[PDB]
């Protein structure tokens, strides 16, 4: 299997962490009979510098011929002022659209040595292993109209907009995800109030028919909001609209005390996707050795799982992450049990070390 | 000080927890002067049984006469087959609207002996003492259009609509509230994308001027979502739109282990207010003396503060509730540390006792 990967590390610690992922990937694969070709491309401030554009035309080409995209992060002070038209961030938004990625997977699982750091009591969070799927293309964030309205513009409106295709494909993906996980999907909406939620539930219920083994259930966003605190262990896969996914993923991002090493996947219908850590570029700590490579490494694992169906490998990588953490190593950000602070590379070496 | 009070016990455990709250209300206002009068009135299932309607005409009149409304709970299996507008729940919404109450206040406070029941680690919530103010009239919940549109009715939309008047009266009441508390307010919005959120911030910023000694801060809903978990103690008063308030008050309803006794107040511009425990009628245990009066009692506490500026009395009640809990007394629903189970009447007797 000749895997074609597009490496787009980006700004700040972007390239630092990316290096971990690439090292770990080469290891995991190259030892069985799995080719993997990397091709670097600029994006964000790095591309602004070498091509006056957050998203270089050549980058899209690089990506369009690759089986998946490995991305770090973008943004930096060096560009925090030029026209918002040509800011690092825009190049990323464009890449998402240009690739037609509509789903955002934000898995959240507990790690024994990170429990003390969790804001929740040990008992509440110790078995968390969920994934929140967020719709990216529709919702209030894209809905038009959206403006003030006379007289004197003392009226305002934002529009929650969705198409049957958008809602269908996202849900369809959530079922596929749940199928290969614990066959359990909670569809989250506000169906007793919003017509888009009403339609959403119907489509969820429709799709459930094509996925018999998956245990579908519905839960309102306001309830899911407290369930993620009171009994987050109950979830396997959660799927929801754009703004609900936005708020819920942020809430969930702190329950296991692993915020800072959370992985992220952006998918569409085919097996093509864009993997990246949830954290930003942390420009000011670049080159200092303090960047945490875990998030990005866990991304590469998701990549192997979602884009190539290589669950064996993807799983190996994840155990390594658990084990290194099990020994108590972090780079200063995570508050691990019996913590020993090492550098981004030291931590990577310990990782690849565990991988055999 | 001659205060007229409209008292609507309601159904289920409503009458039991209402007697309790009144007894406390009485003993407190007695030793001083403050002359008060309680005008009873039907509501919910009790009114349905007496006029085939959940919100009788005479009840509205009794309220309009009164300076504030003290509400128990409504609901019950006996009316579950009736059509929506001919059920308990509607008397409330009706009365809420009929009185033009646009602000829902949900205070969350930490009680030492209840922490063991919180999903969060004590350190995180031991100092929690906040109030979330939710806009009740506008937002995405009422905005029109809300429909599906062809082709093939595969385009749905909901509208988040707000008018300056609605956005101002609420932010106004929040600043007022922040004033009589720890003079700190957090305007929670999603201004980095929602146009309605931009107008909200603008109106929050300009309003700030009228209240110079109240520190205004701006926070995004998704962030505030993480913060209620990571650091809920930072908050004093939060003010946010309908939907966001809907999700945020629900999330915060669990962080202190006092879900079963949280108090609530529906207010409007002037000083008329409706006070009720967040909890339901709980018909299951109706009449068994198992009902927890605490919620209705703390609500009465809120009434004395927001509807009569009687700060001393309010505090006297809250401190009594605190002490009775510190001794480990509950009715069997709360998981109080070193628990002692008693009846509604008794937990009440003990509060009254703690008062003298």
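Every number in this text was worked out from the coordinates using simple rules, so none of it is lab data. No Cβ is skipped: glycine too gets one built from the backbone with ideal geometry, and neighbour counts run over all protein chains shown.
List of remarks:
- Helices (runs of 4 or more DSSP H) contained entirely in the range A:10-96, each with at least 1 residues that are closer than 21 Å to residue A:292 by Cβ: A:14-29, A:45-51
- Any hit, the range B:99-115, residues being out of contact with any helix residue (DSSP H, G or I) (no Cβ under 8 Å at 6 or more places or on another chain) and crowded, with 22+ Cβ neighbours inside 10 Å: no
- Checking residue B:124 against (1) part of a loop (DSSP other than H, G, I, E, B); (2) surrounded by 21 or more Cβ atoms within 10 Å (Cβ to Cβ); (3) over 21 Å from the mean Cα position of the chain (by Cα), the condition it does not meet: (1)
- Count of the range A:127-152 residues, restricted to those that are surrounded by fewer than 19 Cβ atoms within 10 Å (Cβ to Cβ) and within 21 Å of residue A:176 (Cβ to Cβ), is 1.
- Test: residue in the range A:62-73 that is in contact with a strand residue (DSSP E or B) (Cβ under 9 Å, 6 or more places away or on another chain) and closer than 20 Å to residue A:333 by Cα: yes
- For the range A:182-191, the count of residues that are under 19 Å from residue A:249 (Cβ atoms), surrounded by fewer than 22 Cβ atoms within 10 Å (Cβ to Cβ) and facing another protein chain (nearest Cβ under 9 Å) is zero.
- The selection criterion, being touching a helix residue (DSSP H, G or I) at 6+ places or on another chain (Cβ under 7 Å) and under 30 Å from residue B:198 (Cα atoms), does not hold for residue A:185.
- Scanning the range A:133-147 for residues that are outside any loop (DSSP other than H, G, I, E, B) and either closer than 21 Å to residue A:185 by Cα or more than 7 Å from every other protein chain (Cβ to nearest Cβ) (or both) yields A:133, A:134, A:135, A:139.
- Candidates B:114, B:130, B:160, filtered to the one that is part of a strand (DSSP E or B), in contact (Cβ under 8 Å) with a residue 12 or more places away in the chain, more than 13 Å from chain A (Cβ to nearest Cβ) and more than 23 Å from residue B:63 (Cα to Cα): B:130
- Scope the range B:229-253; condition part of a loop (DSSP other than H, G, I, E, B), surrounded by fewer than 24 Cβ atoms within 10 Å (Cβ to Cβ) and within 12 Å of chain A (Cβ to nearest Cβ); matching residues: B:231, B:253
- Of all residues in the range B:167-181, at least one satisfies being under 20 Å from the mean Cα position of the chain (by Cα) and within 30 Å of residue B:327 (Cβ to Cβ).
- Applying the condition of being within 12 Å of the chain's Cα centre (by Cα) and closer than 14 Å to residue B:109 by Cβ to the range B:278-296 and asking which residue is farthest from the other protein chains (Cβ to nearest Cβ) yields B:295.
- Tally, over the range B:71-86, of residues that are farther than 20 Å from residue B:61 by Cα and touching a residue at least 24 places away in the same chain (Cβ under 8 Å): 6
Yes or no, residue by residue, for (1) in contact (Cβ under 8 Å) with a residue 60 or more places away in the chain; (2) more than 28 Å from residue A:200 (Cα to Cα); (3) within 14 Å of chain B (Cβ to nearest Cβ):
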{"site": "A:256", "(1), (2), (3)": "yes, yes, yes"}
{"site": "A:259", "(1), (2), (3)": "no, yes, yes"}
{"site": "A:306", "(1), (2), (3)": "yes, no, no"}
{"site": "A:316", "(1), (2), (3)": "yes, yes, no"}
{"site": "A:350", "(1), (2), (3)": "no, yes, no"}
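- Search result, residues across the range B:154-176 that are more than 18 Å from residue A:144 (Cβ to Cβ), crowded, with 21+ Cβ neighbours inside 10 Å and touching a helix residue (DSSP H, G or I) at 6+ places or on another chain (Cβ under 8 Å): B:167, B:171, B:175
- Residue tally, condition within 14 Å of chain A (Cβ to nearest Cβ), part of a helix (DSSP H, G or I) and out of contact with any helix residue (DSSP H, G or I) (no Cβ under 8 Å at 6 or more places or on another chain), over the range B:197-228: 5
Okay, residues lined up against (1) in contact with a strand residue (DSSP E or B) (Cβ under 6 Å, 6 or more places away or on another chain); (2) closer than 30 Å to residue A:121 by Cβ; (3) part of a loop (DSSP other than H, G, I, E, B):
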| residue | (1), (2), (3) |
| --- | --- |
| B:256 | yes, yes, yes |
| B:260 | no, yes, no |
| B:266 | yes, no, no |
| B:269 | no, no, yes |
| B:279 | no, yes, yes |
| B:287 | no, no, yes |
| B:316 | no, no, no |
| B:323 | no, yes, no |
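- All conditions but one from (1) out of contact with any strand residue (DSSP E or B) (no Cβ under 6 Å at 6 or more places or on another chain); (2) surrounded by fewer than 24 Cβ atoms within 10 Å (Cβ to Cβ); (3) in contact (Cβ under 8 Å) with a residue 12 or more places away in the chain apply to residue A:293; the one that does not is (2).
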